[PDB]
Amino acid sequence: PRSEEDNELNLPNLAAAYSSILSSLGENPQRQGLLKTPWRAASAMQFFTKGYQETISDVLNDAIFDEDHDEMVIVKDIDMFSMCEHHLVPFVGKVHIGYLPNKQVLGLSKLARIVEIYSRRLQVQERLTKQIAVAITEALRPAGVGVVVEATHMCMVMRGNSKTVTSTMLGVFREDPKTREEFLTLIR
């Protein structure tokens, strides 16, 4: 994964590229709000991709056991902020996670941490959705997991708004349609 040493070393390279963009756009990088912009844009881009620094394995250290709880757990409206890999323009929305545990439940804070690791990268919504559902499956080994991501893509909102919904259903969520209906009803 990416490190703080890498970030320190690559910051002047990113600032050099951002200053070249300011020049190529027909702007004077030696003006009022454009003086510190090569560095500010570089630091913003490093923050938007800080998920590369994290590994899902080290975060996973919280699979708390449940006593006789064979019931569906849902965490809806988790704020998600990601970067489109095709155009390098943000896409912002919400993630709705649902699962049927098998003696192990994940902490609420840790569920939102999985969303953060994957969303803070150059992404495609379809991949971010599957990554979140696969991490949960591998962390808890549940009966099933359902992930629904609804986001507004700026790369087409700035072009002339429409929401993109992607859903990954695994285990009992994809096989039992009565379980899937319950999940989709409860996330409303």
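If you superpose the two forms and keep the largest set of C-alpha atoms that fall within 1.5 Å, you have the rigid core. In this text, residue numbers run from 1 along the sequence as written.
Undergrad: If the other structures are each fit on the rigid core, which stretch ends up farther away in C-alpha terms in 4 other deposited structures of this protein, 16-24 or 171-179?
TA: It is 171-179 whose C-alphas lie farther from the shown form in 4 other deposited structures of this protein.
Undergrad: As a check of understanding, is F47 unmodelled in at least a third of the other compared entries that model its flanking residues?
TA: In none of the comparable entries (those modelling both sides of it) is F47 left without coordinates.
Undergrad: Of the other PDB entries for this protein whose models extend past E138 on both sides, does at least a third leave it without coordinates?
TA: No, modelled in all of them.
Undergrad: Please say, as none, 1 to 3, 4 to 9, or 10 or more, how many residues of the deposited sequence are without coordinates in the interval between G160 and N161.
TA: According to the record, 4 to 9 deposited residues lack coordinates from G160 to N161.
Undergrad: Averaging the C-alpha B factors as listed in the entry, name the stretch that ends up higher: 41-49 or 126-134.
TA: Higher mean C-alpha B-factor: 41-49.
Undergrad: Averaging the C-alpha B factors as listed in the entry, name the stretch that ends up higher: 117-125 or 30-38.
TA: Of 30-38 and 117-125, the stretch with the higher C-alpha B-factor average is 30-38.
Undergrad: Divide the modelled residues of the chain into thirds by Cα B-factor and specify which third, lowest, middle or highest, holds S109.
TA: Its C-alpha B-factor belongs to the middle third of this chain's values.
Undergrad: Against its chain's modelled residues, does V165's Cα B factor rank lowest, middle or highest third?
TA: CA B-factor rank for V165: lowest third.
Undergrad: Could you look up the Cα B-factor of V59 in the entry and say which third of the chain it sits in: lowest, middle or highest?
TA: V59: CA B-factor falls in the highest third of its chain.
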